[PDB]
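Let me begin by presenting the structure, written as structure tokens, before commenting on it.
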Amino acid sequence: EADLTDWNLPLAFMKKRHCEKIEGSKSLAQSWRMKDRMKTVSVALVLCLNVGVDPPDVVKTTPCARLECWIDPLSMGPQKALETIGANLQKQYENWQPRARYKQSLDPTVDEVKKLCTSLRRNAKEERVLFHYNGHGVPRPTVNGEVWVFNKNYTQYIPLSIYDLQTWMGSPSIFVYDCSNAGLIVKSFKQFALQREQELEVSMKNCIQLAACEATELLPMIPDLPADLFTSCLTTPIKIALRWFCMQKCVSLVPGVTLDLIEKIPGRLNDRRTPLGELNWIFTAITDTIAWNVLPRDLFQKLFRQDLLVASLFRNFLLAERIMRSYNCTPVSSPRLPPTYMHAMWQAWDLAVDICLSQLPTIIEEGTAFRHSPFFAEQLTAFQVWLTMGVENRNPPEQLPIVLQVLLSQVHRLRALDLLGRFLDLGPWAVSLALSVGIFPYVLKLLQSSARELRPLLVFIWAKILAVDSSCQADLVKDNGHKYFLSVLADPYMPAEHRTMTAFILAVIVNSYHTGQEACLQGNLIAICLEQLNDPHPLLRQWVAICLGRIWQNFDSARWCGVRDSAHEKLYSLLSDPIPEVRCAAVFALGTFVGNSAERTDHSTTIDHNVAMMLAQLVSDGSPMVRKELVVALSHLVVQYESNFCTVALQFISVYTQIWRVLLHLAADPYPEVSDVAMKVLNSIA
Amino acid sequence: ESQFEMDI
Amino acid sequence: XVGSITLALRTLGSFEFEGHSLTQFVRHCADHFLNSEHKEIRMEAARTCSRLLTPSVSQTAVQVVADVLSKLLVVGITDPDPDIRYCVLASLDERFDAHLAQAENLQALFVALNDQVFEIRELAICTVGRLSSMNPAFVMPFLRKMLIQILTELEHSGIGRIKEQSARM
Amino acid sequence: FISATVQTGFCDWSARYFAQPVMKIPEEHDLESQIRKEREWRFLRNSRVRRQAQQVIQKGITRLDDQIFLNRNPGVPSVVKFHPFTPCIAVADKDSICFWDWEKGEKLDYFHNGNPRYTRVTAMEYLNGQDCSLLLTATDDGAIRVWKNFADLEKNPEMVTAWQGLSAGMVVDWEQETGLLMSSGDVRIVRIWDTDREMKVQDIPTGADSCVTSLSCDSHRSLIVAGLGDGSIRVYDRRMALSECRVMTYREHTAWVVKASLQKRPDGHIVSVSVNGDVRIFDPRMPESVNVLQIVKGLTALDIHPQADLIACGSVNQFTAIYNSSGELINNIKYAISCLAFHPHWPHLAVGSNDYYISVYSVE
């Protein structure tokens, strides 16, 4: 047939430089930063808990819930119990925030609380201050907006107006109320906030709140839960999460798991590779996921990312919302979250726990070594499944914050960074997503690593990020991230594909950012480039030429180290290269070489005229692309030596005459763009 | 001072 | 106009064509499906479009296949008449299951798992069950909660029919 | 002073390489992609057109007067070209390029070359004749330029690329298979612009004072034929060095050699015609002519056919003599007939007089 002649013919002038326009890409208003970096400085643990003295409201049961930060207060005699509970409650907050002043107040007077709150203001001064208020000892807070504390003699419950409390506490603050009708405290706080603004024109924005119960409801009295239920969720999630697991009908299908076993789960909440740490690590991933798939982006940032302690509280608050539901409570929050109790990622936790403590009698009796959870593996699998088909802009992948959690270990880091590449792949939108979920500082920290398997995968990510967000050049130079990439570009054995990206990364770092130009210079980048300049991969020659191109833009020191390495000499080979793009880059670089000088005598002038003479034999060049860049290079030369071209121009109405002749052939050009811009430069002389 | 703990 | 369409669609699937042009036929079968207040065009358009997508690598066939299955599977959950809901779900073979593994398709199949009709539930548990290897992170949890609900039905419902259906499932 | 510094968007355009994806199969290889199917359909249509032309050649070419249309342009017809498969007949003048149809019978488009008032479009070609075609437009001063979207419904003129080659006018010869475009004219050089590399590969010295009036080339066995203004006809093999290049220099004419033209056979024939108006068929392996013919007294422009061996003459005295290569009479059609143009495949002949009219003839 007459089809084989057809398919086997070169289609001339049908490529990216021809069909697409030679333009930049209009980069978006990239709003992924948290420049609002809050820090919780100090903590009040006001803790009204007059032990063995049940207030007149709640007549308590015989087997009631008598636990209170994992202590029976009645077993110890009153004063020991109260001191101890302050110690435990402090220890529980120390997990989530170990660098804060913890000033605990135990059965406090009104005046005591005033001293305390105002003192913590003057310490923290602009930054966020926790105010935990327990209130099991005192009667339930009133419709008046008064919460109860004591008098000096312990006879009378004195009231304490919420208006007074938010006077003493500052505006950047956060309240945790664990007392029976705590919704009433939330409401009244928001009312007395409005009252301030209305009276001011003759707080609330900055105040966060967390409250155990709605204004109607009473907290549970159920013998096997602790009385501290909302606090315990908020600040010992895994401990009640496991105990609450054990109380369900779910345990029907995990036989040989009693509460005694859960007392002795081996491990800790930091060592990831031990059953307790594992569950903790999972938990974190899950709650962070439920937040990221439910809340609107702005709000998610405000709570779950801004500062540690608040983020830890809201993560754990999701667990409280799920538990306390099953005992007719509903917790309340000042930035009001949506209902997350039904969200399907909880049934993942349920299974994850199930596996991870059906495996527990075999551990704790025999001494069977701990087998890790399939959770993170399977969860990465789902993310992989989504990447296959889902290049779409449909519902984004549910597992995205779980991928972030997996980067934090060895175990699954290689698999995750590949999948993160294969995601950041898909476009600029996907990079916008992963920067929102907060991938950036964790990826940036992996540059400080030296595991040789990461070198292709980080390079690959950093490429894709710095395409989208050029302003990240700030961050990479601060941490000596540049040195990581300098070493990848120095390696002859890393494949050409990735060395290309590395060169590109170094171009972005160096691009008109003076400190980045300084750093990469003194990391010997000129020597590294010129070794790789004459490769068999045309992207690499292009980009490595652009590096040299950017590094000596308006930066005279780079020109000096260039002349000592004969950089300009070596770059002349790329001027007669078989790809236009390589020639463009070569021309670009030899131009921006010329562009800076600070008026130097022999060598600068002699070299410049040699460069110009070599660029002057690119008039007979096919691609107008090269000729545009060629006019730009000459424009840089024109901008320095204006006195000479003024004389040479005003004559006609050796060297400089030839450059002017070139600019005429470029002005009188068949392609429009070239003729336009050549005429602009020649009009600047005119 | 990153939010989660990175064990490099 | 109407009774001819049934036999035309039956023909379109029931003996072997050697044209790529079928890719237009399957996308035009989105019209027959969604509309047709006539039951039989739907029930047959289903049985066609499952059969025609057997080319389920390159990126045009893939978007088409995925575009159909969404519309196709929608009918399998959503359609009022039980018979079409059965037909559609039964025709979603092992051939497709790498598209059924996606979150969105899978969210829909789980709705089938607690259908009005018993036979459809029996079908969907088998289907989701096949996929629990393929995308285990979504499936395995749902299936665990399904298991609990099942054992609850066995112990605590006094009705015989419910226990019978429960054990069967 | 510093404000004269322009920054092109090349380095920013280059950066867009990394925003775009990498891993998936490209959109062409995809066997069920619409673009590939359209391309394949085009190719099927092309193969059909080739067959039909071949069939018309096999019937033994009879007489030829059949006017498919007569229209009349706003300017004088300078050069005419038939797009190989689609019925798009680009008839350029001093500046513009009108695109006429001969099946519908309609004006499709109208360009301006963008050239000055002194200049003139000497030559033209059809790049990528098989699919997604373009239009090369060599001006007499030196400028070459390439046009996309030339007779489209939803689009206007788009210039792809443009570049000075050089400095009779200009003469060009495209080679679709090799990727090469050879420019020549008033100069004593035959440049060879590679269009993949976008650089002048070779500059062959002509060894001739006068202008290169026509230019025609061979793939497979590399043979650049170049008729000249003083009368001689050179042949160059580009494999050898530039001191050696002149394979042959045989001169049996005197005048503007209007057209030397080469067949794409392994039996290569050079049909050279002077202003005096006499054909001499040569071979590349011989020092003198094989056949001899004298045709028109005052010849003005001429065209020669690719597949069949038709020669279509012009005349100062209004005639359009259409002979065979053997010298046999077929038609002498009675009206500076400055542009005759055959199809690459079918036996259709265009004509364009000094008066502002076009025609297309056909052998039934």
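Going by the structure tokens order, chains are called A, B, ..., each with residues numbered from 1, while ligands are numbered from 1 in the order shown.
When the distance limit is 7 Å and only C-alpha atoms are what count, the residues near residue 137 in chain C, minus those fewer than 6 positions from it on the same chain, are residues 378, 379 and 382 of chain A.
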*If we count only C-alpha atoms, what is near residue 484 in chain A at a cut-off of 10 Å, once residues fewer than 4 positions away on the same chain are taken out, given as number ranges by chain?*
A: 446-450, 455, 458-459, 476, 480, 488-489, 502
Could you turn the residues from that selection into a file that holds N, CA and C atoms, as a PDB file, in the first residue's frame?
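result_0.pdb, freshly written:
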ATOM      1  N   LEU A 446      14.826  16.875  54.262  1.00  0.00           N
ATOM      2  CA  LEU A 446      15.475  15.693  53.664  1.00  0.00           C
ATOM      3  C   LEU A 446      16.730  15.979  52.833  1.00  0.00           C
ATOM      4  N   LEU A 447      16.946  17.232  52.428  1.00  0.00           N
ATOM      5  CA  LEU A 447      18.222  17.673  51.826  1.00  0.00           C
ATOM      6  C   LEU A 447      19.415  17.540  52.764  1.00  0.00           C
ATOM      7  N   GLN A 448      19.180  17.668  54.068  1.00  0.00           N
ATOM      8  CA  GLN A 448      20.218  17.421  55.073  1.00  0.00           C
ATOM      9  C   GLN A 448      20.606  15.935  55.205  1.00  0.00           C
ATOM     10  N   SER A 449      19.761  15.019  54.713  1.00  0.00           N
ATOM     11  CA  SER A 449      20.110  13.587  54.593  1.00  0.00           C
ATOM     12  C   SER A 449      21.280  13.309  53.626  1.00  0.00           C
ATOM     13  N   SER A 450      21.831  12.094  53.733  1.00  0.00           N
ATOM     14  CA  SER A 450      22.874  11.572  52.818  1.00  0.00           C
ATOM     15  C   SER A 450      22.674  10.088  52.386  1.00  0.00           C
ATOM     16  N   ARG A 455      18.663  10.812  46.345  1.00  0.00           N
ATOM     17  CA  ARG A 455      19.207  11.840  45.446  1.00  0.00           C
ATOM     18  C   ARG A 455      18.453  12.039  44.126  1.00  0.00           C
ATOM     19  N   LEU A 458      14.510  13.457  45.412  1.00  0.00           N
ATOM     20  CA  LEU A 458      14.445  14.850  45.904  1.00  0.00           C
ATOM     21  C   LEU A 458      14.656  15.868  44.798  1.00  0.00           C
ATOM     22  N   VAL A 459      15.717  15.650  44.026  1.00  0.00           N
ATOM     23  CA  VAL A 459      15.958  16.373  42.790  1.00  0.00           C
ATOM     24  C   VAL A 459      14.683  16.449  41.977  1.00  0.00           C
ATOM     25  N   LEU A 476      15.915  27.375  50.281  1.00  0.00           N
ATOM     26  CA  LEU A 476      16.999  26.445  49.949  1.00  0.00           C
ATOM     27  C   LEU A 476      18.403  26.966  50.231  1.00  0.00           C
ATOM     28  N   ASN A 480      21.569  25.613  53.530  1.00  0.00           N
ATOM     29  CA  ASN A 480      22.550  24.967  52.635  1.00  0.00           C
ATOM     30  C   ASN A 480      21.957  23.763  51.875  1.00  0.00           C
ATOM     31  N   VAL A 488      25.022  16.779  43.341  1.00  0.00           N
ATOM     32  CA  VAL A 488      24.359  15.938  42.310  1.00  0.00           C
ATOM     33  C   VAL A 488      24.810  16.311  40.892  1.00  0.00           C
ATOM     34  N   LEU A 489      24.933  17.611  40.615  1.00  0.00           N
ATOM     35  CA  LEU A 489      25.449  18.097  39.323  1.00  0.00           C
ATOM     36  C   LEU A 489      26.942  17.758  39.120  1.00  0.00           C
ATOM     37  N   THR A 502      18.717  19.004  38.028  1.00  0.00           N
ATOM     38  CA  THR A 502      19.630  19.584  38.998  1.00  0.00           C
ATOM     39  C   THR A 502      20.181  20.928  38.536  1.00  0.00           C
TER      40      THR A 502
END
*Could you pull out all residues of range 74-220 of chain A with a DSSP call of helix (DSSP H, G or I) and give them as an MDAnalysis selection string?*
chainID A and resid 74:75 78:96 110:124 162:168 183:201
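For the choices A:183, A:86, A:441, A:135, the atom-to-atom distance to chain B is smallest for A:441 when using only C-alpha atoms.
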Interface rows for chain C against chain A: nearest pair, Å to one decimal, 12 Å, only C-alpha atoms, as CSV:
residue,atom,partner,partner_atom,distance
C:57,CA,A:388,CA,11.6
C:58,CA,A:389,CA,11.3
C:59,CA,A:389,CA,9.5
C:60,CA,A:389,CA,11.4
C:61,CA,A:389,CA,11.5
C:62,CA,A:389,CA,7.8
C:63,CA,A:389,CA,8.0
C:64,CA,A:389,CA,11.3
C:65,CA,A:389,CA,10.6
C:66,CA,A:389,CA,8.3
C:67,CA,A:389,CA,11.1
C:97,CA,A:385,CA,11.5
C:98,CA,A:385,CA,8.2
C:99,CA,A:389,CA,7.9
C:100,CA,A:385,CA,10.5
C:101,CA,A:385,CA,7.3
C:102,CA,A:386,CA,6.2
C:103,CA,A:386,CA,7.5
C:104,CA,A:395,CA,8.3
C:105,CA,A:386,CA,11.5
C:106,CA,A:382,CA,11.7
C:107,CA,A:344,CA,10.4
C:110,CA,A:344,CA,11.8
C:131,CA,A:385,CA,11.9
C:132,CA,A:378,CA,10.6
C:133,CA,A:378,CA,9.8
C:134,CA,A:385,CA,8.4
C:135,CA,A:382,CA,5.6
C:136,CA,A:378,CA,6.2
C:137,CA,A:378,CA,5.2
C:138,CA,A:382,CA,7.5
C:139,CA,A:348,CA,9.5
C:140,CA,A:348,CA,8.2
C:141,CA,A:348,CA,5.3
C:142,CA,A:347,CA,7.0
C:143,CA,A:347,CA,9.8
C:144,CA,A:351,CA,7.3
C:145,CA,A:347,CA,7.4
C:146,CA,A:347,CA,10.8
C:147,CA,A:253,CA,9.5
C:148,CA,A:250,CA,7.1
C:149,CA,A:250,CA,9.9
C:150,CA,A:253,CA,11.9
C:151,CA,A:253,CA,9.4
C:152,CA,A:249,CA,9.2
C:155,CA,A:252,CA,11.4
_Give me, as a ChimeraX atom specification, all polymer residues having an atom no more than 12 Å from residue 1 in chain B, counting only C-alpha atoms and skipping those fewer than 4 positions away in the same chain._
/A:37,39,97,99,307-308,441-442,445 /B:5-6
Atoms to include: C-alpha atoms. Write the selected residues as a PDB file, in the first residue's frame.
ATOM      1  CA  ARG A  37       3.489  31.652  62.522  1.00  0.00           C
ATOM      2  CA  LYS A  39       3.546  30.109  69.055  1.00  0.00           C
ATOM      3  CA  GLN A  97       4.098  21.201  74.027  1.00  0.00           C
ATOM      4  CA  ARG A  99       8.592  24.367  75.859  1.00  0.00           C
ATOM      5  CA  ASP A 307       0.965  26.297  65.849  1.00  0.00           C
ATOM      6  CA  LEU A 308       1.791  23.031  67.536  1.00  0.00           C
ATOM      7  CA  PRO A 441       9.456  21.937  55.274  1.00  0.00           C
ATOM      8  CA  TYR A 442       9.568  18.094  55.466  1.00  0.00           C
ATOM      9  CA  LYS A 445      14.668  18.851  55.705  1.00  0.00           C
TER      10      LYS A 445
ATOM     11  CA  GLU B   5       9.103  14.937  64.055  1.00  0.00           C
ATOM     12  CA  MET B   6      11.344  14.117  61.059  1.00  0.00           C
TER      13      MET B   6
END
*asked:* With 6 Å as the limit and counting only C-alpha atoms, what residues in chain A lie close to chain D? Please list them as a PyMOL selection string.
replied: chain A and resi 2+9+11+18+23-24+425-428+464+467+578-579+621-623+670-671
*Leaving out residue 7 in chain B and any residue of its chain fewer than 5 positions from it, which residues lie within 9 Å of it when counting only C-alpha atoms, given as a ChimeraX atom specification?*
/A:408-410
Excluding residue 53 in chain D and residues on its chain fewer than 6 positions from it, collect all residues at most 9 Å away from it, counting only C-alpha atoms, and give them as a PDB file with N, CA, C and O atoms, in the first residue's frame.
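Saved as part.pdb:
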ATOM      1  N   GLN D 307       5.177  13.082 -12.520  1.00  0.00           N
ATOM      2  CA  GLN D 307       4.923  11.633 -12.727  1.00  0.00           C
ATOM      3  C   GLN D 307       4.964  11.244 -14.223  1.00  0.00           C
ATOM      4  O   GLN D 307       5.874  10.522 -14.645  1.00  0.00           O
ATOM      5  N   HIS D 345       0.789  15.070  -8.736  1.00  0.00           N
ATOM      6  CA  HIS D 345       0.202  13.769  -9.069  1.00  0.00           C
ATOM      7  C   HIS D 345      -0.653  13.831 -10.356  1.00  0.00           C
ATOM      8  O   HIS D 345      -0.207  13.333 -11.396  1.00  0.00           O
ATOM      9  N   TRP D 346      -1.855  14.428 -10.293  1.00  0.00           N
ATOM     10  CA  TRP D 346      -2.823  14.465 -11.432  1.00  0.00           C
ATOM     11  C   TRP D 346      -2.256  15.221 -12.653  1.00  0.00           C
ATOM     12  O   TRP D 346      -1.469  16.141 -12.466  1.00  0.00           O
ATOM     13  N   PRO D 347      -2.705  14.908 -13.894  1.00  0.00           N
ATOM     14  CA  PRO D 347      -2.276  15.742 -15.052  1.00  0.00           C
ATOM     15  C   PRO D 347      -2.917  17.157 -15.260  1.00  0.00           C
ATOM     16  O   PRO D 347      -3.018  17.605 -16.410  1.00  0.00           O
TER      17      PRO D 347
END
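The closest residue to chain B, picked from A:158, A:143, A:276, A:269 and counting only C-alpha atoms, is A:269.
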Give me, as a Markdown table, the closest atom pair and its distance (Å, one decimal) for every residue of chain D within a cut-off of 12 Å of chain C, counting only C-alpha atoms, rows sorted by chain and rising number.
| residue | atom | partner | partner_atom | distance |
| --- | --- | --- | --- | --- |
| D:23 | CA | C:59 | CA | 12.0 |
| D:24 | CA | C:59 | CA | 8.2 |
| D:25 | CA | C:58 | CA | 6.4 |
| D:26 | CA | C:59 | CA | 8.4 |
| D:27 | CA | C:59 | CA | 7.3 |
| D:28 | CA | C:58 | CA | 9.8 |
| D:29 | CA | C:58 | CA | 7.9 |
| D:30 | CA | C:58 | CA | 5.0 |
| D:31 | CA | C:58 | CA | 7.5 |
| D:32 | CA | C:60 | CA | 6.4 |
| D:33 | CA | C:60 | CA | 5.8 |
| D:34 | CA | C:60 | CA | 8.5 |
| D:35 | CA | C:60 | CA | 10.8 |
| D:36 | CA | C:60 | CA | 11.2 |
| D:37 | CA | C:20 | CA | 9.6 |
Hey, what does DSSP flag as strand (DSSP E) within range 44-111 of chain D? Can you give it to me as a PDB file with C-alpha atoms, in the first residue's frame?
ATOM      1  CA  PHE D  69     -12.614  27.621 -13.871  1.00  0.00           C
ATOM      2  CA  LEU D  70     -11.621  31.167 -14.831  1.00  0.00           C
ATOM      3  CA  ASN D  71     -11.303  33.755 -12.035  1.00  0.00           C
ATOM      4  CA  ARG D  72      -9.268  36.980 -11.836  1.00  0.00           C
ATOM      5  CA  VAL D  79       4.002  31.991  -9.190  1.00  0.00           C
ATOM      6  CA  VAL D  80       1.344  29.240  -8.849  1.00  0.00           C
ATOM      7  CA  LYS D  81       1.488  26.002  -6.849  1.00  0.00           C
ATOM      8  CA  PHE D  82      -0.850  23.018  -6.428  1.00  0.00           C
ATOM      9  CA  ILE D  89      -4.031  26.525  -5.348  1.00  0.00           C
ATOM     10  CA  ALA D  90      -1.848  29.281  -3.884  1.00  0.00           C
ATOM     11  CA  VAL D  91      -1.359  32.014  -6.505  1.00  0.00           C
ATOM     12  CA  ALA D  92       1.039  34.656  -5.132  1.00  0.00           C
ATOM     13  CA  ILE D  97      -0.969  35.084  -1.581  1.00  0.00           C
ATOM     14  CA  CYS D  98      -4.539  34.310  -2.796  1.00  0.00           C
ATOM     15  CA  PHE D  99      -5.725  30.721  -2.092  1.00  0.00           C
ATOM     16  CA  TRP D 100      -8.237  29.590  -4.727  1.00  0.00           C
ATOM     17  CA  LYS D 107     -11.457  32.493  -2.835  1.00  0.00           C
ATOM     18  CA  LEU D 108     -10.391  30.914   0.508  1.00  0.00           C
ATOM     19  CA  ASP D 109      -7.726  33.325   1.916  1.00  0.00           C
ATOM     20  CA  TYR D 110      -5.506  36.404   1.392  1.00  0.00           C
TER      21      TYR D 110
END
